[PDB]
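J.: Mapping of the sequence shown onto the entry's author numbering: residues 4 to 285, 308 to 323, 339 to 357, 365 to 375, 393 to 445, 451 to 653, 668 to 997, 1006 to 1034, in sequence order.
The C-beta atom is built at its ideal place from N, Cα and C for all residues, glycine as well.
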Amino acid sequence: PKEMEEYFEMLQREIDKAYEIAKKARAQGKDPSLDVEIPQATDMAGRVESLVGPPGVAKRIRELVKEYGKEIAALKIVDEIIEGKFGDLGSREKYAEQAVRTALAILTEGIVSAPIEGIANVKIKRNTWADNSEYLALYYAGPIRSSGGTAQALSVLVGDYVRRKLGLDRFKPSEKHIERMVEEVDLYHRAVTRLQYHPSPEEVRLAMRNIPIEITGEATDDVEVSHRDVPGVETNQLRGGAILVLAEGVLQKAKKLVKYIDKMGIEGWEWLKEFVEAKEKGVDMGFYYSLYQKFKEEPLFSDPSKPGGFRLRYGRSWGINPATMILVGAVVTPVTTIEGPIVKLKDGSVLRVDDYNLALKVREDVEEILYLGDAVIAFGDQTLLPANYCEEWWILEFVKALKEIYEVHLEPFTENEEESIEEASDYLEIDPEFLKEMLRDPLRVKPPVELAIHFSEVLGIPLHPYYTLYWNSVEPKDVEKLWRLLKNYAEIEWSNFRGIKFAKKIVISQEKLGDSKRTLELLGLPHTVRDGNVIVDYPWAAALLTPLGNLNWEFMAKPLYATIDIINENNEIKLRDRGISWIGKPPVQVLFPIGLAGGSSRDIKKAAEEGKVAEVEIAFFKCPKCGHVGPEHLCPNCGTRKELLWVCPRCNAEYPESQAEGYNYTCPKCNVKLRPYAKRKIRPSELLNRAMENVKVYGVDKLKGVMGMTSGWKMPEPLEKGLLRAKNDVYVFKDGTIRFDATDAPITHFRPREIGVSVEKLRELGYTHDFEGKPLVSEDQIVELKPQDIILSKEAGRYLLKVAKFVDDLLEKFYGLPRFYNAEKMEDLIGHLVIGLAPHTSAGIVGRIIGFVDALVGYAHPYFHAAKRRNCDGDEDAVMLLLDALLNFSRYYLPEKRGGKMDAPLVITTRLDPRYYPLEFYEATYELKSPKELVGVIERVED
Ligand SMILES: [Zn+2]
Ligand SMILES: [Zn+2]
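This is how it looks when you write it as structure tokens:
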């Protein structure tokens, strides 16, 4: 649709405006990179290319996914990479690395960080202790944990496919290789991290003897092992990344992994299928009174007489009348054919409200909601509730009676044969066009009460449910009382249709009726109060008196009988129950290490004020122009971009980036690897005073940094960024972003009034029509939510306003750029963009703020925060302002070792591109079955 395409284009314009500002800011060289560190993508193909490449892959992925699906496509890409279709990548090791990252990113839809943060390296090595044959090794980093077990297990299968395509042999561990792993898993689980799945020593041996690649990595934890100096294992400490992949990946997710091996047809994994099966192999009573009794056996201020909730309605696939939306995981959808609420007005009048227009008219006069309305819930879903009598059930009984009595064959919810409609019309004394419409749409086309009664009389069918009151909501003793008051004090006007005598109008004094007025309300009887009288007009006078036999038989309360049981025992016209079932800190301002110098609160301002010196592991930069050394990116003397100094951890020799690159990040006269940082003496007073001068902000209360950096780089964030955060009362996350940790609920529809946004604002946002396709002109209209449009809580809005003020201060004071947001109130953020990031994911989704709710839980479209991610059991989301993330996020701030629940936005997604049950079903709900038993019932009926 052109409306959706225009929406996606509007978002691109807004995204591009944010990237142009951030590119200008980053070009200045005050940050770890001269570029914006968050690439954007349209789709999973684009996510793959943007994250790990190779260039031109996204185009191939689209073609391959369209032909073969995601799983097979990943293998086809590995083949093409190795064949050189994406250019000469150089060494077999560079081809292996590219094919590993790309294929794993394809399989994980570019949603997780395993291809970037999880795999540090891919190496070709030899089984020197064995046959000296070549094999593939994957070097896993501790942050692999952030991607979940499924991603970890798939990296192993990808590694195996890649090594086979490169013609490499299998990894053939020595007995010392296997035992070191057994030891490592034990020591890791015991004192580092408790494994989600803790394998037995023999399970570790099984995995180790059968995984065809080496699951390895650099040391993640300073914990010495006893199986030391193993050939090919370049550490004597714990390889946490590897341990996680083996236990929490391959063994924990072994059942999910075998499904992938099956979809992909990879051989040599029978040992894993055998592991999965081994884990598996080791006085009389009334009908309704009886039904309500069995039904029980299977808020304190609330009215006991009033049943709580919506009237259950089984759907063949949630569904709510627009009038109940105005007057009152699951997603609500407007359905105009089902029933709305039953309301009592201030004047005492009782009314059914089944349309949007009537709901608006009575809204100001509603005194009580007697009945909430229907809720259409799909049977697809374990105790199953008895079905409420409804038009769907009644129409089936109506057509069964025509077949049984007259041999006329008719079907509901379809076009019928003219001759059959005519035959039945002649027997029923009705209009063929009326019958056609009632059969086609029984929820919309109801007969008048006299014809409903005539249908029951002729066909022996229960009274139509539209004319069935909530008889069983009332105790039989109260119907008995009501009966006497009507018999003695009511003035009744009668009518006669084809020999059927029925009530046309009931007039009873409010005085004479008394307490029984409450019985009429509980019955859901529509009535009016005028001139001290209760008046029951047509068709409701017959709905009341026809089940009571026009007061020709006396209603008497009987023990162990429900009201409908008494009616059904004594009345010619029979009923079914229309209402039996009812439903319903933070502690950091700047990423800057202060050690113990800022006391217990890591206060940089206190450290600088007390003239304290800090000894912290921190990265230093050398100026090539003058020679200045310090923790900043730009030179404070000549303003030229400074070069990172690499340090040898032994001789403490300093080597600038280019010199370190020549020496392959290894000291030229020590065989030990260089570090981008060292333990250094820091003088916060000179650093903070310069930062204060730069941004012209002095009056900060406190400035909370970190005790130490958890990144591999230990490259601090500029203090200027912290000063502006403290000024704006905002706090930073580990990666340089500011996040609001929210809980959101899925929605598909909204009303402007409910989100506190005007019709004109929404028209400017591109909303043209309501759910019915009618022009959007009222704040009360029900509107369909656009896929990336989100409603935040007022709590989110209150914090985000502060973030917008920090971004604007940063742009102007630190970057010398114009302000962007200019927000004073949270409503100024409507139309502005955010990044939504779910737990265990590294692909954020672009969202547009369209409104705010007074509640703690915000709203988003089901596509924005999928039920699948919500089943990876995080209803929590993190929200960042788009521009805050583009300016302030850096991969150089990512944790080196710890992989938690919350990951980073490694990429952002800019586009989110997208009859009836048989009679036997309804009858079977009365015999209290489960849906397993009932699906069998429906499947057998559909021969
Ligand atoms: Zn300089
Ligand atoms: Zn050295």
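Can you check DSSP and say which residues form a bridge with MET963?
T.: Its beta-bridge partners are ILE918.
J.: Determine the DSSP secondary structure at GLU217, reduced to helix, strand or coil.
T.: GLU217 falls in the strand class under three-state DSSP.
J.: Can you tell me whether DSSP reads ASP189 as helix, strand or coil?
T.: Of the three classes helix, strand and coil, the one that applies to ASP189 here is helix, per DSSP.
J.: Residue range of the beta strand (DSSP E) that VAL598 falls in?
T.: Per DSSP, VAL598 belongs to the beta strand (DSSP E) from 597-599.
J.: Relative to ligand 2, is the shortest distance from any of its heavy atoms to the C-beta of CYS753 smaller than 7 Å?
T.: Yes, the Cβ of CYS753 comes within 7 Å of a heavy atom of ligand 2.
J.: What residues come near ligand 1, if near means a beta carbon less than 6 Å from any of its heavy atoms?
T.: So the residues near ligand 1 by this Cβ test are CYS706, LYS708, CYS709, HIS711, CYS718, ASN720, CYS721, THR723.
J.: Just the C-alpha distance for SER542 and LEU589, rounded to the nearest angstrom, thanks.
T.: So the two alpha carbons sit approximately 11 Å from each other.
J.: Let's test the definition: count the other Cβ atoms within 10 Å of the Cβ of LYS408 and tell me whether it reaches 16, buried, or not, exposed.
T.: So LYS408 ends up on the buried side.
J.: Are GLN101 and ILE84 close, meaning C-beta to C-beta below 8 Å?
T.: In this structure, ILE84 lies closer than 8 Å to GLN101 by Cβ.
J.: How about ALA691 and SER768: are their beta carbons less than 8 Å apart?
T.: Going by C-beta atoms, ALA691 is nearer than 8 Å to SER768.
J.: Keeping to the same chain, check which residues put their C-beta closer than 6 Å to that of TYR738; ignore five residues upstream and five downstream.
T.: Cβ neighbours of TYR738 beyond the five flanking positions: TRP729.
J.: Hey, how far is the Cα of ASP863 from the Cα of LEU614?
T.: One C-alpha to the other measures close to 38 Å.
J.: Consider the C-beta atom of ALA736 and the heavy atoms of ligand 2; say whether any pair is separated by less than 7 Å.
T.: Indeed, a heavy atom of ligand 2 lies less than 7 Å from the Cβ.
J.: Quick check on residue 1071: buried or exposed, where buried means 16 or more other Cβ atoms within 10 Å of its Cβ?
T.: Lying outside 4 to 1034, the shown extent of the chain, residue 1071 is not represented and no answer is given.
J.: Looking at ligand 2, does it come within less than 7 Å of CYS955, judged from the CB to the closest heavy atom?
T.: No, ligand 2 has no heavy atom inside 7 Å of this Cβ.
J.: Look up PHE935 in the DSSP assignment and give the residues it is bridged to.
T.: For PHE935, which the question treats as bridged, DSSP gives the partners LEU875.
J.: Tell whether a beta-carbon distance below 8 Å holds between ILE119 and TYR143.
T.: Taking 8 Å as the Cβ cut-off, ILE119 and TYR143 do not qualify as a contacting pair.
J.: Go through the stretch 139-210 residue by residue and report every complete run of the alpha helix (DSSP H) that reaches 4 residues or more, in order.
T.: The qualifying runs are 151-168, 178-194.
J.: Nearer than 7 Å: is that true of the beta carbon of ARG758 relative to any heavy atom of ligand 2?
T.: Incorrect: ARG758 has no Cβ contact closer than 7 Å to ligand 2.
J.: Which of the three DSSP states, helix, strand or coil, is assigned to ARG994?
T.: DSSP places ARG994 in coil when its eight states are reduced to three.
J.: How far does the alpha helix (DSSP H) with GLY244 in it reach, from first residue to last?
T.: Where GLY244 is concerned, the enclosing alpha helix (DSSP H) stretches over 243-247.
J.: Is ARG733 near ligand 2, in the sense that its beta carbon is under 7 Å from a heavy atom of that ligand?
T.: It does: the Cβ of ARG733 is within 7 Å (strictly closer) of some heavy atom of ligand 2.
J.: Under 6 Å Cβ to Cβ from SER150, same chain only, skipping five residues before and after it: list those, please.
T.: Hits under 6 Å: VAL115, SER116, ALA117, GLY121.
J.: For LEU757, which of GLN742, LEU771, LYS810 has the nearest alpha-carbon?
T.: It is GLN742.
J.: Check the DSSP bridge columns for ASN602 and list the partner residues they point to.
T.: In DSSP, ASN602 forms a bridge with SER578, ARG599.
J.: Enumerate, from N- to C-terminal direction, the unbroken alpha helix (DSSP H) stretches of 4 or more residues contained entirely within the stretch 538-563.
T.: Runs found: 545-558.
J.: Going by CA-CA distance only, name the one from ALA28, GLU544, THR400 that's closest to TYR420.
T.: Looking at the Cα atoms, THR400 is the closest of the given residues.
J.: State whether the stretch 859-875 contacts the stretch 831-842, with contact taken as three or more CB pairs (one from each stretch) at a distance under 8 Å.
T.: Verdict: yes, contact present.
J.: What's the gap between the Cα of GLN579 and the Cα of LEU555?
T.: Approximately 12 Å between the Cα atoms of the pair.
J.: Determine, using beta carbons only, whether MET909 and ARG931 come nearer to each other than 8 Å.
T.: It is not a contact, given that the beta carbons lie outside the stated cut-off.
J.: Quick check: the Cα distance between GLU700 and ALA774, rounded to an integer number of angstroms?
T.: Between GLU700 and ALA774, the C-alpha separation is close to 20 Å.
J.: From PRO714, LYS321, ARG427, pick the residue whose C-alpha is nearest to that of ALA761; which is it?
T.: Of the candidates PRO714, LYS321, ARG427, the one whose C-alpha sits nearest the C-alpha of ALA761 is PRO714.
J.: Under the assumption that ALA906 contacts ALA887 (Cβ atoms under 8 Å), give the Cβ distance between them as a whole number of angstroms.
T.: With a Cβ gap of about 4 Å, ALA906 and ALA887 count as contacting.
J.: Which of the three DSSP states, helix, strand or coil, is assigned to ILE464?
T.: Of the three classes helix, strand and coil, the one that applies to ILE464 here is helix, per DSSP.
J.: Taking all protein chains shown into account, do 16 or more other C-beta atoms lie within 10 angstroms of the C-beta of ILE474, making it buried, or fewer, making it exposed?
T.: Classification of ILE474: exposed, given that the 10 Å Cβ count is below 16.
J.: As a quick exercise: from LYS126, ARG29, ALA154, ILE181, pick the residue whose alpha carbon is nearest that of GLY220.
T.: When only C-alpha atoms are compared, the closest one is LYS126.
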